[PDB]
*Asks:* 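The structure under discussion is supplied below as structure tokens; questions concerning it will follow.
Scope of the values below: all heavy atoms of this structure, side chains included, with no hydrogens, waters or symmetry mates. We name chains A, B, ... by the order of the sequence lines, and we start the count at 1 in each one.
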Amino acid sequence: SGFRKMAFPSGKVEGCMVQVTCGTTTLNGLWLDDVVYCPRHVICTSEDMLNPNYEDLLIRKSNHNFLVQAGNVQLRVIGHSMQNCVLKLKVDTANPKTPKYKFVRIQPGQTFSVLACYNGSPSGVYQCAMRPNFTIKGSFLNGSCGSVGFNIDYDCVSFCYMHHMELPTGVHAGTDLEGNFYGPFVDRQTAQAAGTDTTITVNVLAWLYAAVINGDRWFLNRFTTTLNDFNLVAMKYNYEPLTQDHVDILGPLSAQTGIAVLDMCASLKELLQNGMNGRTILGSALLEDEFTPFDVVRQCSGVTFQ
Amino acid sequence: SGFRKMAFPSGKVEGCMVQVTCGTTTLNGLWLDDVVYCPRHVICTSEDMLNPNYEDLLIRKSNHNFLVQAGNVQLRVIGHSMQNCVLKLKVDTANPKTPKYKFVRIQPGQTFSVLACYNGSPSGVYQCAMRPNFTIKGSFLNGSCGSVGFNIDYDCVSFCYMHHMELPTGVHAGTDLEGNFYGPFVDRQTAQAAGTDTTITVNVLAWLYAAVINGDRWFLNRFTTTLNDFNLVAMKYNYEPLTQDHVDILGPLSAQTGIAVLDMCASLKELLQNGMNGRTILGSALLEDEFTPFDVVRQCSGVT
Ligand SMILES: *c1c(-c2oc3cc(OC)cc(O)c3c(=O)c2O)cc(O)c(O)c1O
Ligand SMILES: *c1c(-c2oc3cc(OC)cc(O)c3c(=O)c2O)cc(O)c(O)c1O
């Protein structure tokens, strides 16, 4: 038994990571078919950080100003263009390791794996959630910009995130693979409020179901509640409101454990109002919100990939 | 910045995972050069589980009793032998995806990544520590037997663990890649005690340094302690005793942060005696012991 915050196997994404240099800036790019994707701030200099005019900066660049290196191989750049906040470099060779892939824009509270890379070289992989305020609590040292987040379905990689920046608060912000930021953020070095973060309620509930499946039961209380009553408590404790859609995706776990969703909500309500009293759940003293209901079902089912 | 429990990128190991079937038992194997490694209990039947005589059971098997599938393609087994608790199936094809590799036996408290596989296919990857009692806290679904644990040094994979069994407590036990179990365990379906686990003190200290590097400094004090005095407290809270070797390996973190090792020990001593009183460290309400000093340095310096 047990429960780990597992990441997706990263091999299919490892084969897509390249290094992109423009001027004196070097970061990570994603090479799929004959296109390399990377953050457009690769064209900034240290003098351009506070408010770059990306259109004017890019007009100064030609194809030969972009150095793209895949391992030891130098790729020939035959076109460049900007799509929102992502630079797209057309190269003259398709990546022979291109997996089946999609570009997806995920919802706040959904999870994905990040392949943290530095200067084109994979460093580590970890699983995380897109916070309700559209930030990531990652591990991104300088040189990790352009690292990507993804999910896998059997043999198809769904890319959902590209890392662009660390905010002054220490949290991380990025885009989908069409270059549109998650959240209100812009790619310039300024103070930017992320606004109130909240706890992903449906994920906490899923993790409580995981705990029951692993043999925990001390927090199962004698109460039930209603959706409206629970959401009164959720808002008081900066938890995301629960919808019937959330209740529906919790259905499989409720069926397996025999614990009606609103009963588990009542037990979560008691934990929020009474605290943990020094007790742990799945070894944790805080409530965990980086497992989606699907994540729990996958691990409990031993779902595998190519 | 930020600090995550990162696993190694799994691609080099993914290319080595195969499916091994003997009779009606199917589990994971590791294909390196022209050898496939898997737990020898693949040759057990349901009536063999309580006390298998593996030498007798293997004698009844020939090469054609082993079905190895790599992707959609059957590999021809041309030889078989038992090394301690691992079965080595010689195949007629060298794995073309064999990475540079070594087999290593790790120490209790060291960390590695596990590629959790079922029936030859990966489910996910996670970072873990070998507990001081030589067990592993793994993923949920039983039957990932033959999945491996590893570290990567640039392009070279150091395999250190093969999963063999879940103990009745649910924790995982396994071998090195020469088939020697970590801990006292045997590959039989019997009640087996793992004995007292302890917290990996040198790892907690490393993680406290990681917290200071990331801006959490509230637990620092200017109290002095000695190794002997610290260990008096650590033993009371079921922490592993700290040795001079442990102090020595924390040196690089002391050197980059400006916090002496014994100063961090005095900070941990106060944390154990006083508790955290509702405060968190790196977002955690409990002290984390699954980062080695080397792990912290790697992550904080961006090794790839
Ligand atoms: C990552 C970065 C990198 O670049 C930026 C650019 C910004 O505005 C143009 C803002 C911002 O917050 C930011 C970062 O946080 C950040 O990490 C820069 C360089 O040179 C490299 O190599 C990265 O990997
Ligand atoms: C994993 C196992 C598997 O096998 C064993 C065998 C044991 O003694 C012979 C003991 C033991 O505790 C044990 C396990 O916990 C365990 O998971 C069996 C099968 O069939 C498959 O497919 C595995 O992956």
Side-chain angles (χ1 to χ4, degrees), chain A residues 13 16-33 35-46 48-61 63 65-68 77 79-91 101-108 110 112 114-120 128 130-131 133-138 140 142-150 158-195:
Chain A
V13 178
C16 299
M17 298 311 303
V18 301
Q19 172 187 277
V20 179
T21 297
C22 187
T24 65
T25 302
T26 295
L27 42 71
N28 303 284
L30 187 70
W31 182 20
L32 300 163
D33 301 323
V35 180
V36 175
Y37 305 81
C38 75
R40 69 178 176 172
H41 64 62
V42 73
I43 68 181
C44 299
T45 72
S46 66
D48 295 306
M49 299 299 276
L50 291 197
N51 196 35
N53 188 319
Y54 284 102
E55 293 205 341
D56 284 348
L57 291 168
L58 190 56
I59 281 160
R60 269 57 134 186
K61 303 289 179 299
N63 290 328
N65 291 131
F66 298 99
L67 288 314
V68 180
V77 174
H80 64 275
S81 68
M82 180 161 70
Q83 180 180 11
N84 301 306
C85 295
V86 162
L87 179 68
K88 292 151 75 181
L89 306 175
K90 178 84 69 163
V91 296
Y101 73 94
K102 300 185 290 94
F103 292 169
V104 173
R105 186 169 179 88
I106 59 170
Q107 295 296 301
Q110 293 190 306
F112 56 98
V114 169
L115 183 67
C117 297
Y118 295 87
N119 291 9
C128 67
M130 175 72 65
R131 303 304 317 164
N133 70 358
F134 294 105
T135 60
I136 308 296
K137 288 183 191 148
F140 294 109
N142 184 276
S144 64
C145 308
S147 298
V148 298
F150 61 97
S158 285
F159 293 99
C160 60
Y161 178 82
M162 176 169 279
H163 180 56
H164 286 241
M165 63 195 190
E166 187 166 293
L167 306 175
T169 55
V171 302
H172 303 107
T175 65
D176 61 25
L177 270 292
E178 296 190 323
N180 294 308
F181 265 91
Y182 289 102
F185 310 113
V186 297
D187 47 354
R188 68 189 68 149
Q189 186 184 347
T190 58
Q192 302 181 48

*Asks:* Tell me, with the steps shown, if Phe150(A) and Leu177(A) meet side-chain contact (heavy atoms from CB on, under 4.5 Å).
*Replies:* CA-CA 10 Å; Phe150(A) 61 97; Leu177(A) 270 292; over 6 Å; no
*Asks:* Let's go through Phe112(A) and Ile136(A) carefully: what are the C-alpha distance in whole Å and the side-chain angles of both, what is the deciding distance for side-chain contact (heavy atoms from CB on, under 4.5 Å) to 0.1 Å, and is it a yes or a no?
*Replies:* CA-CA 10 Å; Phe112(A) 56 98; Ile136(A) 308 296; 3.5 Å; yes
*Asks:* With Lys90(A), which residues qualify under salt bridge (charged side-chain N to carboxylate O under 4.0 Å, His left out), at least two apart?
*Replies:* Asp34(A)
*Asks:* Provide the closest heavy-atom pair for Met17(A) versus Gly146(A) in the form atom of the first, atom of the second, distance.
*Replies:* CE-O, 4.1 Å
*Asks:* Could you state the interatomic distance from CG (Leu87(A)) to OH (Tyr37(A)), rounded to the nearest 0.5 Å?
*Replies:* 11.5 Å
*Asks:* Considering non-hydrogen atoms only, spot the tightest contact between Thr135(A) and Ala194(A) and give its length.
*Replies:* CG2-CB, 3.8 Å
*Asks:* Knowing that exactly one of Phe181(A), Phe140(A), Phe185(A) qualifies, which makes a ring pair (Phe, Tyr, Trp, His ring centres under 6.0 Å) with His163(A)?
*Replies:* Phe140(A)
*Asks:* What pairs with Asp176(A) under side chain to side chain contact (heavy atoms under 4.5 Å, CB included), at least two apart in sequence or on another chain?
*Replies:* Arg105(A), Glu178(A), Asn180(A), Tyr182(A)
*Asks:* So how far is it from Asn65(A) CG to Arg60(A) CZ, rounded to the nearest 0.5 Å?
*Replies:* 12.5 Å
*Asks:* Is the backbone of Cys44(A) close enough, under 3.5 Å, to the side chain of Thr25(A) for a donor and an acceptor to pair up by distance?
*Replies:* yes
*Asks:* Listed by chain and number, what are the side chain to side chain contact (heavy atoms under 4.5 Å, CB included) partners of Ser81(A), not counting sequence neighbours?
*Replies:* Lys88(A)
*Asks:* Rounded to the nearest 0.5 Å, what separation is found between the CD atom of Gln110(A) and the SG atom of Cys160(A)?
*Replies:* 8.5 Å
*Asks:* About how many Å separate SG of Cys38(A) and CD1 of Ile43(A), when rounded to the nearest 0.5 Å?
*Replies:* 9.0 Å
*Asks:* Between CD of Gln192(A) and OG1 of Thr169(A), what distance do you get to the nearest 0.5 Å?
*Replies:* 10.0 Å
*Asks:* Where do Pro39(A) and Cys145(A) come nearest, in terms of heavy atoms and distance?
*Replies:* CG-C, 4.3 Å
*Asks:* Of all heavy-atom pairs between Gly138(A) and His172(A), which one has the smallest distance, and what is that distance?
*Replies:* N-ND1, 3.0 Å
*Asks:* How far apart are the closest heavy atoms of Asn84(A) and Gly179(A), and which atoms are they?
*Replies:* CB-O, 3.3 Å
*Asks:* Decide yes or no for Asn28(A) and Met162(A): does some side-chain heavy atom of the first lie under 4.5 Å from some side-chain heavy atom of the second?
*Replies:* no
*Asks:* Could you list the residues that satisfy side chain to side chain contact (heavy atoms under 4.5 Å, CB included) with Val68(A), not counting sequence neighbours?
*Replies:* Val18(A), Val20(A), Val36(A), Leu75(A), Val77(A), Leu89(A)
*Asks:* Does the side-chain contact (heavy atoms from CB on, under 4.5 Å) test come out yes or no for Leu57(A) and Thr45(A), once each step is laid out?
*Replies:* CA-CA 10 Å; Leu57(A) 291 168; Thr45(A) 72; over 6 Å; no
*Asks:* Kindly determine whether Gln19(A) and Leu67(A) satisfy side-chain contact (heavy atoms from CB on, under 4.5 Å), including the steps that lead there.
*Replies:* CA-CA 8 Å; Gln19(A) 172 187 277; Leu67(A) 288 314; over 6 Å; no
*Asks:* Which pair of heavy atoms, one from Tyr54(A) and one from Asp187(A), lies closest together, and at what distance?
*Replies:* OH-O, 2.7 Å
*Asks:* Taking ring pair (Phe, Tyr, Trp, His ring centres under 6.0 Å) as the definition, give me every residue that meets it alongside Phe134(A), ordered by chain and number, with sequence neighbours left out.
*Replies:* none
*Asks:* With sequence neighbours left out, write down each residue that passes side chain to side chain contact (heavy atoms under 4.5 Å, CB included) with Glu55(A), or none if nothing qualifies.
*Replies:* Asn53(A), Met82(A)
*Asks:* Nearest 0.5 Å, what's the NZ-SG distance between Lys137(A) and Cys128(A)?
*Replies:* 11.0 Å
